[PDB]
Each structure stands twice: as C-alpha cells, then as structure tokens.
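Enquirer: Just data_12.txt, nothing more (compact mmCIF, C-alpha atoms and all ligand atoms):
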```
# COMPACT_ATOMS: atom_id res chain seq x y z
CA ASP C 1 204.59 14.45 -156.26
CA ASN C 2 204.34 17.44 -153.93
CA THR C 3 201.67 15.84 -151.74
CA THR C 4 203.39 12.43 -151.63
CA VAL C 5 206.09 13.76 -149.27
CA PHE C 6 203.52 14.39 -146.54
CA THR C 7 201.38 11.39 -147.55
CA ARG C 8 204.36 9.09 -146.93
CA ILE C 9 204.96 10.74 -143.53
CA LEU C 10 201.30 10.36 -142.52
CA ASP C 11 201.28 6.74 -143.68
CA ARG C 12 204.49 6.08 -141.74
CA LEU C 13 203.03 7.58 -138.56
CA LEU C 14 200.02 5.24 -138.54
CA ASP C 15 202.01 2.21 -139.73
CA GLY C 16 201.91 -0.27 -136.86
CA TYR C 17 200.11 2.21 -134.61
CA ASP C 18 197.74 0.73 -132.03
CA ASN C 19 195.05 3.25 -131.12
CA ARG C 20 193.63 1.06 -128.34
CA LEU C 21 196.57 1.79 -126.01
CA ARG C 22 197.54 5.00 -124.26
CA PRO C 23 201.08 6.30 -124.89
CA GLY C 24 203.68 5.15 -122.39
CA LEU C 25 201.54 2.19 -121.37
CA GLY C 26 204.34 0.15 -119.82
CA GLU C 27 206.66 2.86 -118.50
CA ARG C 28 204.94 6.09 -117.38
CA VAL C 29 201.66 7.92 -116.76
CA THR C 30 200.03 9.77 -119.65
CA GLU C 31 199.64 13.40 -118.57
CA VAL C 32 197.00 15.44 -120.39
CA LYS C 33 197.29 19.23 -120.38
CA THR C 34 193.90 20.87 -120.83
CA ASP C 35 192.31 24.31 -120.93
CA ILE C 36 188.88 25.70 -121.75
CA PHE C 37 187.94 28.72 -123.88
CA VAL C 38 184.30 29.55 -123.11
CA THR C 39 182.97 31.17 -126.29
CA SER C 40 179.54 31.88 -124.78
CA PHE C 41 178.07 31.16 -121.35
CA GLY C 42 174.54 30.19 -122.26
CA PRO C 43 171.31 30.74 -120.35
CA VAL C 44 170.72 29.17 -116.95
CA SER C 45 167.60 27.01 -116.72
CA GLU O 1 203.83 -4.30 -131.76
CA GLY O 2 204.90 -4.68 -128.14
CA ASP O 3 203.21 -6.65 -125.36
CA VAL O 4 199.57 -5.57 -125.18
CA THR O 5 199.23 -5.23 -128.98
CA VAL O 6 200.11 -8.86 -129.71
CA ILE O 7 197.97 -9.99 -126.76
CA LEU O 8 194.92 -8.16 -128.12
CA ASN O 9 195.60 -9.29 -131.71
CA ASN O 10 195.87 -12.89 -130.49
CA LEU O 11 192.67 -12.65 -128.44
CA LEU O 12 190.68 -11.17 -131.32
CA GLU O 13 191.76 -13.59 -134.04
CA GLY O 14 189.30 -16.43 -134.55
CA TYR O 15 186.75 -14.57 -132.42
CA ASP O 16 183.04 -14.39 -133.23
CA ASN O 17 181.18 -11.68 -131.33
CA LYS O 18 177.87 -13.14 -132.53
CA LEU O 19 178.18 -16.24 -130.34
CA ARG O 20 177.94 -15.90 -126.57
CA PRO O 21 180.49 -17.71 -124.36
CA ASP O 22 179.48 -21.36 -123.84
CA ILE O 23 176.81 -21.21 -126.55
CA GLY O 24 176.05 -24.92 -126.27
CA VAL O 25 177.40 -25.73 -122.81
CA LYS O 26 175.83 -23.73 -119.98
CA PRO O 27 174.04 -20.42 -119.34
CA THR O 28 176.23 -17.34 -119.04
CA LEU O 29 176.23 -16.03 -115.47
CA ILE O 30 176.41 -12.23 -115.43
CA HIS O 31 177.01 -10.31 -112.20
CA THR O 32 175.54 -6.82 -112.49
CA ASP O 33 176.16 -3.80 -110.33
CA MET O 34 174.91 -0.23 -110.41
CA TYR O 35 175.91 3.17 -108.93
CA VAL O 36 173.10 5.77 -109.00
CA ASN O 37 174.44 9.34 -109.47
CA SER O 38 171.35 11.60 -109.07
CA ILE O 39 167.72 10.32 -109.26
CA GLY O 40 166.15 13.15 -111.31
CA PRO O 41 162.65 14.67 -111.26
CA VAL O 42 159.70 12.36 -110.68
CA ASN O 43 157.19 13.50 -113.27
CA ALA O 44 153.60 12.81 -112.21
CA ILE O 45 151.58 14.04 -115.20
CA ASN O 46 153.63 11.81 -117.52
CA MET O 47 154.29 9.03 -114.93
CA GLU O 48 158.06 8.49 -115.14
CA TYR O 49 161.26 9.40 -113.30
CA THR O 50 164.77 10.11 -114.58
CA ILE O 51 167.79 8.21 -113.27
CA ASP O 52 171.52 8.53 -114.01
CA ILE O 53 173.58 5.42 -113.23
CA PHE O 54 176.91 3.72 -113.89
CA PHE O 55 175.63 0.35 -115.08
CA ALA O 56 178.38 -2.27 -114.76
CA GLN O 57 178.28 -5.91 -115.83
CA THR O 58 180.72 -8.75 -115.20
CA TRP O 59 180.89 -12.17 -116.85
CA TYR O 60 183.35 -14.82 -118.00
CA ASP O 61 184.58 -15.41 -121.55
CA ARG O 62 187.00 -18.29 -122.01
CA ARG O 63 188.10 -16.98 -125.42
CA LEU O 64 189.42 -13.78 -123.78
CA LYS O 65 192.11 -15.64 -121.82
CA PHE O 66 195.77 -14.66 -121.98
CA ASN O 67 198.91 -15.81 -120.17
CA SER O 68 201.40 -12.99 -119.54
CA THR O 69 202.78 -10.76 -116.81
CA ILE O 70 200.01 -8.24 -117.52
CA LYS O 71 197.09 -8.84 -115.17
CA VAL O 72 194.43 -6.37 -116.36
CA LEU O 73 193.95 -4.93 -119.85
CA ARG O 74 192.40 -1.53 -119.10
CA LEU O 75 190.79 -0.56 -122.41
CA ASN O 76 188.55 2.22 -123.68
CA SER O 77 185.25 1.96 -125.58
CA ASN O 78 186.99 1.10 -128.89
CA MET O 79 187.17 -2.58 -127.90
CA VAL O 80 183.45 -2.86 -127.12
CA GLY O 81 182.53 -3.27 -130.78
CA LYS O 82 184.85 -6.27 -131.20
CA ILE O 83 183.73 -8.55 -128.34
CA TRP O 84 180.46 -10.01 -127.06
CA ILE O 85 178.22 -7.94 -124.76
CA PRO O 86 174.86 -9.11 -123.35
CA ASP O 87 171.84 -7.33 -124.78
CA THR O 88 170.63 -5.89 -121.48
CA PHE O 89 167.61 -3.65 -121.99
CA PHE O 90 165.48 -1.86 -119.42
CA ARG O 91 161.97 -3.25 -119.52
CA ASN O 92 160.16 -0.17 -118.19
CA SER O 93 162.22 2.59 -119.83
CA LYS O 94 160.26 4.96 -122.05
CA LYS O 95 163.42 6.54 -123.48
CA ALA O 96 167.10 6.22 -122.56
CA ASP O 97 170.47 7.09 -124.03
CA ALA O 98 174.12 6.70 -123.15
CA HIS O 99 176.57 9.61 -123.16
CA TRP O 100 178.84 10.12 -126.15
CA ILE O 101 180.91 13.23 -125.32
CA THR O 102 183.84 13.62 -125.78
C1 LIG C 201 166.47 4.77 -138.85
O1 LIG C 201 167.29 5.87 -139.16
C2 LIG C 201 168.06 6.39 -138.06
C3 LIG C 201 168.87 7.53 -138.63
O2 LIG C 201 169.65 7.08 -139.73
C4 LIG C 201 168.94 5.30 -137.45
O3 LIG C 201 169.52 5.82 -136.27
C5 LIG C 201 170.96 5.82 -136.34
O4 LIG C 201 171.56 4.54 -136.17
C6 LIG C 201 172.96 4.53 -136.47
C7 LIG C 201 173.42 3.10 -136.31
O5 LIG C 201 173.18 2.63 -134.99
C8 LIG C 201 173.69 5.49 -135.54
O6 LIG C 201 175.07 5.52 -135.88
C9 LIG C 201 175.85 5.41 -134.67
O7 LIG C 201 175.71 6.51 -133.75
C10 LIG C 201 176.46 6.35 -132.53
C11 LIG C 201 176.18 7.57 -131.68
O8 LIG C 201 174.79 7.72 -131.43
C12 LIG C 201 174.67 8.97 -130.73
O9 LIG C 201 174.81 10.08 -131.61
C13 LIG C 201 173.79 10.16 -132.61
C14 LIG C 201 174.10 11.35 -133.49
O10 LIG C 201 173.64 12.54 -132.88
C15 LIG C 201 173.33 13.49 -133.92
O11 LIG C 201 172.13 14.17 -133.56
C16 LIG C 201 172.20 14.82 -132.27
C17 LIG C 201 170.85 15.46 -132.03
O12 LIG C 201 170.82 16.12 -130.77
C18 LIG C 201 173.34 15.83 -132.27
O13 LIG C 201 173.43 16.39 -130.97
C19 LIG C 201 174.64 15.14 -132.63
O14 LIG C 201 175.71 16.08 -132.70
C20 LIG C 201 174.49 14.45 -133.96
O15 LIG C 201 174.31 15.39 -135.01
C21 LIG C 201 172.42 10.26 -131.94
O16 LIG C 201 171.42 10.30 -132.95
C22 LIG C 201 172.22 9.08 -131.02
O17 LIG C 201 170.98 9.20 -130.32
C23 LIG C 201 170.03 8.25 -130.84
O18 LIG C 201 170.39 6.89 -130.55
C24 LIG C 201 170.44 6.59 -129.14
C25 LIG C 201 170.89 5.15 -129.01
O19 LIG C 201 171.25 4.86 -127.66
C26 LIG C 201 169.08 6.85 -128.52
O20 LIG C 201 169.15 6.58 -127.13
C27 LIG C 201 168.66 8.28 -128.77
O21 LIG C 201 167.36 8.53 -128.25
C28 LIG C 201 168.67 8.56 -130.26
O22 LIG C 201 167.67 7.79 -130.93
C29 LIG C 201 173.35 9.03 -130.02
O23 LIG C 201 173.31 10.16 -129.16
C30 LIG C 201 177.93 6.22 -132.87
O24 LIG C 201 178.66 6.01 -131.67
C31 LIG C 201 178.12 5.06 -133.81
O25 LIG C 201 179.49 4.98 -134.19
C32 LIG C 201 180.10 3.79 -133.64
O26 LIG C 201 179.49 2.53 -133.95
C33 LIG C 201 179.58 2.16 -135.34
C34 LIG C 201 178.88 0.83 -135.47
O27 LIG C 201 179.47 -0.15 -134.61
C35 LIG C 201 181.04 2.10 -135.76
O28 LIG C 201 181.11 1.79 -137.15
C36 LIG C 201 181.71 3.42 -135.48
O29 LIG C 201 183.10 3.35 -135.79
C37 LIG C 201 181.55 3.77 -134.03
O30 LIG C 201 182.22 2.77 -133.26
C38 LIG C 201 182.81 3.26 -132.03
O31 LIG C 201 181.95 3.31 -130.88
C39 LIG C 201 181.43 2.03 -130.50
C40 LIG C 201 180.54 2.27 -129.30
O32 LIG C 201 180.44 1.08 -128.53
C41 LIG C 201 182.57 1.09 -130.18
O33 LIG C 201 182.02 -0.18 -129.87
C42 LIG C 201 183.49 0.99 -131.37
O34 LIG C 201 184.60 0.14 -131.08
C43 LIG C 201 183.98 2.37 -131.75
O35 LIG C 201 184.79 2.93 -130.73
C44 LIG C 201 177.30 5.25 -135.05
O36 LIG C 201 177.73 6.40 -135.78
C45 LIG C 201 173.10 6.88 -135.71
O37 LIG C 201 173.74 7.82 -134.85
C46 LIG C 201 171.61 6.85 -135.40
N1 LIG C 201 171.06 8.18 -135.50
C47 LIG C 201 169.86 8.53 -135.05
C48 LIG C 201 169.37 9.89 -135.45
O38 LIG C 201 169.19 7.78 -134.34
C49 LIG C 201 168.09 4.09 -137.08
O39 LIG C 201 168.91 3.02 -136.62
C50 LIG C 201 167.27 3.61 -138.26
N2 LIG C 201 166.36 2.56 -137.86
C51 LIG C 201 166.28 1.38 -138.47
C52 LIG C 201 165.48 0.33 -137.76
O40 LIG C 201 166.81 1.16 -139.56
```
Starting from the file, lay out its structure as structure tokens.
Ligand SMILES: *[C@@H]1O[C@H](CO)[C@@H](O[C@@H]2O[C@H](CO)[C@@H](O[C@@H]3O[C@H](CO[C@H]4O[C@H](CO[C@H]5O[C@H](CO)[C@@H](O)[C@H](O)[C@@H]5O)[C@@H](O)[C@H](O[C@H]5O[C@H](CO)[C@@H](O)[C@H](O)[C@@H]5O)[C@@H]4O)[C@@H](O)[C@H](O[C@H]4O[C@H](CO)[C@@H](O)[C@H](O)[C@@H]4O[C@H]4O[C@H](CO)[C@@H](O)[C@H](O)[C@@H]4O)[C@@H]3O)[C@H](O)[C@H]2NC(C)=O)[C@H](O)[C@H]1NC(C)=O
Expert:
Amino acid sequence: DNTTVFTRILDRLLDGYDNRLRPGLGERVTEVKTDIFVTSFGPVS
Amino acid sequence: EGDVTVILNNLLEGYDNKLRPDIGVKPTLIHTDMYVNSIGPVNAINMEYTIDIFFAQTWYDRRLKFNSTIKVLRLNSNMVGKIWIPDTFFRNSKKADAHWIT
C-alpha cells in the first residue's frame, strides 16, 4: 500500500496525456533550457 | 483532450497504414525534394561517395483530411509509425542509415 500512493499519482499524470503534442500548443512557445556537461573531450580525427 | 488530440484520434481511427491512398483508383503522385548538407569523401579504391541530405517527400492522402481552424499539424517522428509512407529506397546505395539521436 506504500507504493500505491505514488503509483496512483503516476497513473493520474499520464491519464489523458497526449505525447504527440508539445506543451502550450495553442497558447505559447515551448522554451527549452539546456546545458552541456562534457565528461571527456575525445580524440580529434 | 483538446483540439489537436481529437483531430488526430479522429484521423487515425479506421485507418490502415498498409494500404496506400487511392489503392484501386489512381497512382499516388509524390513530389520529392532534397537539400544536400555536405557531400563527403569520394572514395576511389572502394568506388563510392558519402552524402548527407534532408530527403523530403510530399503526397496527398484523402484519409488525413480534417476541417478545423488549425491549418497545419506540425508533428514529430512519433506519428510516422501510424500513417502510410512510400517505401523509397536508394538503388545505388551500398549502406545508409538515418540519424536517431536524441
Ligand atoms: C536480424 O537481427 C537484427 C538484430 O535483431 C535486426 O535488426 C534490428 O531490427 C529492429 C527492427 O527494425 C530494430 O529495432 C528498431 O531500431 C530502431 C533504431 O535503429 C537504430 O538503432 C539501432 C540500435 O543501435 C544499437 O547498436 C548501435 C551500434 O553502434 C549502438 O550505437 C546503439 O546505441 C544501440 O546499442 C541500430 O542497430 C540501427 O542501425 C541498423 O539499422 C539501420 C536501419 O536504417 C541501418 O541503416 C544500420 O546500418 C543498422 O543495420 C539504427 O541506428 C528504433 O527506432 C526502433 O524503434 C521504433 O520502431 C519500432 C517499430 O515500429 C517501435 O515499436 C518503437 O516504439 C519505435 O518507434 C518510434 O520510432 C519510429 C521511427 O519512425 C516511429 O515511427 C514511431 O512512431 C516511434 O516514434 C526499433 O527499436 C533494431 O534496432 C535492429 N538492430 C540492428 C542491430 O540492426 C534485423 O531486422 C533482423 N533481420 C531480419 C531479416 O529478421
């Protein structure tokens, strides 16, 4: 019963969710904040 | 739900991606385009050259017709596997692959 509290939340989040559409499709522009952590700069061919 | 969700769920119900548009009516006219990015090295010992392109195809499908205020449904690659795409292959390609990252 301990895991059902988060299982119900995760099932409610994807209930009716359409993954084909970006968020704010009809009202705004989806802004994506990105950064890069280079773990190792490999050899240059 | 919403506007684009019900439009896509109404387009894709009763849809067979196995059958091309106008299967028993007329040939499907496909307008192709291409945008070369960087023709790579021309290998002479192995007799091939590498090319990187943006291969684009355009056709008509009467089953993918919707009447709403939305003009264009700009979709990602997730909707490719649900609709019909012509089996365009390159007749002189020794090896080729699309790009799958990210
Ligand atoms: C014989 O056996 C081999 C091995 O089992 C069979 O080959 C395999 O075939 C299956 C089925 O087609 C493939 O599954 C699909 O793979 C693609 C991605 O393919 C890319 O990644 C492959 C994995 O890469 C591994 O290895 C490399 C090595 O460098 C690593 O770097 C990677 O990290 C991985 O560890 C890679 O192998 C592919 O390259 C090969 O294939 C290409 C084809 O174009 C050739 O050019 C290459 O030379 C090479 O041979 C390639 O880079 C996935 O995208 C597929 O998932 C989608 O499609 C599924 C089916 O529709 C669907 O269920 C999924 O949800 C998913 O759908 C999504 O994407 C679709 C794309 O349009 C959308 O339409 C859709 O809506 C949705 O968004 C799937 O997982 C195997 O990868 C492939 N593996 C190999 C090794 O070739 C072979 O078929 C068998 N032969 C026979 C005749 O039985």
Enquirer: Could you jot down the CA of residue 38 in chain O to CA of residue 53 in chain O separation for me, Å, one decimal place?
Expert: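 For CA of residue 38 in chain O relative to CA of residue 53 in chain O, the distance reads 7.8 Å.
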Enquirer: Please identify every polymer residue within 9 Å of ligand LIG 201 (chain C), using only C-alpha atoms and all ligand atoms, and present the set as a list in words.
Expert: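 Final answer, ordered by chain and number: residues 76, 77, 78, 79, 80, 81, 82, 83, 95, 96, 97, 98, 99 and 100 of chain O.
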Enquirer: So that I can see what lies close to residue 25 in chain C, please list as a PDB file with C-alpha atoms, in the coordinates of the input the residues with an atom at most 12 Å from it, counting all atoms listed in the file and leaving out residues fewer than 3 positions away in the same chain.
Expert:
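Result file follows (part28.pdb):
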```
ATOM      1  CA  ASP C  18     197.740   0.730-132.030  1.00  0.00           C
ATOM      2  CA  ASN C  19     195.050   3.250-131.120  1.00  0.00           C
ATOM      3  CA  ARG C  20     193.630   1.060-128.340  1.00  0.00           C
ATOM      4  CA  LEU C  21     196.570   1.790-126.010  1.00  0.00           C
ATOM      5  CA  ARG C  22     197.540   5.000-124.260  1.00  0.00           C
ATOM      6  CA  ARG C  28     204.940   6.090-117.380  1.00  0.00           C
ATOM      7  CA  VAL C  29     201.660   7.920-116.760  1.00  0.00           C
ATOM      8  CA  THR C  30     200.030   9.770-119.650  1.00  0.00           C
ATOM      9  CA  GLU C  31     199.640  13.400-118.570  1.00  0.00           C
TER      10      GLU C  31
ATOM     11  CA  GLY O   2     204.900  -4.680-128.140  1.00  0.00           C
ATOM     12  CA  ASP O   3     203.210  -6.650-125.360  1.00  0.00           C
ATOM     13  CA  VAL O   4     199.570  -5.570-125.180  1.00  0.00           C
ATOM     14  CA  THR O   5     199.230  -5.230-128.980  1.00  0.00           C
ATOM     15  CA  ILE O  70     200.010  -8.240-117.520  1.00  0.00           C
ATOM     16  CA  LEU O  73     193.950  -4.930-119.850  1.00  0.00           C
ATOM     17  CA  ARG O  74     192.400  -1.530-119.100  1.00  0.00           C
ATOM     18  CA  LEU O  75     190.790  -0.560-122.410  1.00  0.00           C
TER      19      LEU O  75
END
```
Enquirer: Using CA of residue 64 in chain O and CA of residue 18 in chain O as the two end points, give the distance in Å to one decimal.
Expert: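 Atom-to-atom, CA of residue 64 in chain O and CA of residue 18 in chain O are spaced 14.5 Å apart.
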Enquirer: Suppose you want the space between CA of residue 68 in chain O and CA of residue 1 in chain O; what is it in Å?
Expert: 15.2 Å
Enquirer: Choose the residue, out of O:31, O:69, O:36, O:24, that has the smallest atom-to-atom separation from chain C; count all atoms listed in the file.
Expert: O:69
Enquirer: Quick one: of O:37, O:10, O:102, O:93, who's nearest to residue 54 in chain O, counting all atoms listed in the file?
Expert: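 Going through O:37, O:10, O:102, O:93 one by one, the smallest distance to residue 54 in chain O is for O:37.
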Enquirer: With distances taken over only C-alpha atoms, which residue among C:41, C:4, C:32, C:16 lies nearest chain O?
Expert: C:16
Enquirer: Closest to residue 63 in chain O among O:90, O:84, O:35, O:49, using all atoms listed in the file?
Expert: O:84
Enquirer: Which of these, C:45, C:35, C:17, C:23, has the shortest distance to chain O once you count only C-alpha atoms?
Expert: C:17
Enquirer: Because some atoms of range 12-33 of chain O are absent here, can you restore N, CA, C and O atoms and send them as a compact mmCIF listing (two decimals), keeping the file's coordinate frame?
Expert:
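Now in selection_30.txt:
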```
# COMPACT_ATOMS: atom_id res chain seq x y z
N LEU O 12 191.75 -11.50 -130.39
CA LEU O 12 190.68 -11.17 -131.32
C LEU O 12 190.78 -11.88 -132.66
O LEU O 12 189.94 -11.63 -133.53
N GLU O 13 191.76 -12.76 -132.85
CA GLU O 13 191.76 -13.59 -134.04
C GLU O 13 191.00 -14.88 -133.78
O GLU O 13 191.13 -15.50 -132.72
N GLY O 14 190.17 -15.27 -134.74
CA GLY O 14 189.30 -16.43 -134.55
C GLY O 14 188.19 -16.19 -133.55
O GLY O 14 187.71 -17.14 -132.94
N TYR O 15 187.77 -14.94 -133.38
CA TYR O 15 186.75 -14.57 -132.42
C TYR O 15 185.48 -14.20 -133.16
O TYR O 15 185.52 -13.40 -134.11
N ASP O 16 184.36 -14.78 -132.74
CA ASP O 16 183.04 -14.39 -133.23
C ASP O 16 182.31 -13.69 -132.09
O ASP O 16 182.03 -14.30 -131.05
N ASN O 17 181.98 -12.42 -132.29
CA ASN O 17 181.18 -11.68 -131.33
C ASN O 17 179.69 -11.97 -131.43
O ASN O 17 178.92 -11.46 -130.62
N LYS O 18 179.27 -12.76 -132.42
CA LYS O 18 177.87 -13.14 -132.53
C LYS O 18 177.51 -14.23 -131.53
O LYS O 18 176.38 -14.28 -131.03
N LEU O 19 178.45 -15.12 -131.23
CA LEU O 19 178.18 -16.24 -130.34
C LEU O 19 178.58 -15.90 -128.92
O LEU O 19 179.70 -15.45 -128.67
N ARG O 20 177.66 -16.12 -127.98
CA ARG O 20 177.94 -15.90 -126.57
C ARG O 20 178.91 -16.97 -126.05
O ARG O 20 179.04 -18.03 -126.66
N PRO O 21 179.64 -16.68 -124.97
CA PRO O 21 180.49 -17.71 -124.36
C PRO O 21 179.67 -18.87 -123.83
O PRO O 21 178.65 -18.68 -123.17
N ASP O 22 180.15 -20.09 -124.12
CA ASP O 22 179.48 -21.36 -123.84
C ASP O 22 178.07 -21.37 -124.46
O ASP O 22 177.06 -21.43 -123.77
N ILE O 23 178.06 -21.29 -125.79
CA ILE O 23 176.81 -21.21 -126.55
C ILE O 23 176.03 -22.52 -126.44
O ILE O 23 174.80 -22.51 -126.35
N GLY O 24 176.73 -23.65 -126.39
CA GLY O 24 176.05 -24.92 -126.27
C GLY O 24 176.52 -25.73 -125.07
O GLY O 24 176.54 -26.96 -125.13
N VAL O 25 176.89 -25.05 -123.99
CA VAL O 25 177.40 -25.73 -122.81
C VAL O 25 176.54 -25.41 -121.60
O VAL O 25 175.95 -26.32 -120.99
N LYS O 26 176.45 -24.14 -121.23
CA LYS O 26 175.83 -23.73 -119.98
C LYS O 26 175.40 -22.28 -120.11
O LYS O 26 175.92 -21.55 -120.97
N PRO O 27 174.42 -21.84 -119.32
CA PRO O 27 174.04 -20.42 -119.34
C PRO O 27 175.15 -19.52 -118.83
O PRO O 27 175.93 -19.88 -117.94
N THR O 28 175.21 -18.32 -119.40
CA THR O 28 176.23 -17.34 -119.04
C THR O 28 175.78 -16.58 -117.80
O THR O 28 174.74 -15.91 -117.82
N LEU O 29 176.56 -16.68 -116.73
CA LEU O 29 176.23 -16.03 -115.47
C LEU O 29 176.84 -14.64 -115.46
O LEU O 29 178.06 -14.49 -115.55
N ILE O 30 175.99 -13.62 -115.36
CA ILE O 30 176.41 -12.23 -115.43
C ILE O 30 176.12 -11.58 -114.09
O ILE O 30 174.97 -11.57 -113.63
N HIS O 31 177.15 -11.04 -113.46
CA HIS O 31 177.01 -10.31 -112.20
C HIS O 31 176.92 -8.82 -112.51
O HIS O 31 177.88 -8.23 -113.01
N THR O 32 175.77 -8.23 -112.21
CA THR O 32 175.54 -6.82 -112.49
C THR O 32 175.75 -5.99 -111.24
O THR O 32 175.61 -6.46 -110.11
N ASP O 33 176.04 -4.73 -111.46
CA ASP O 33 176.16 -3.80 -110.33
C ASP O 33 175.63 -2.50 -110.88
O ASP O 33 175.39 -2.42 -112.07
```
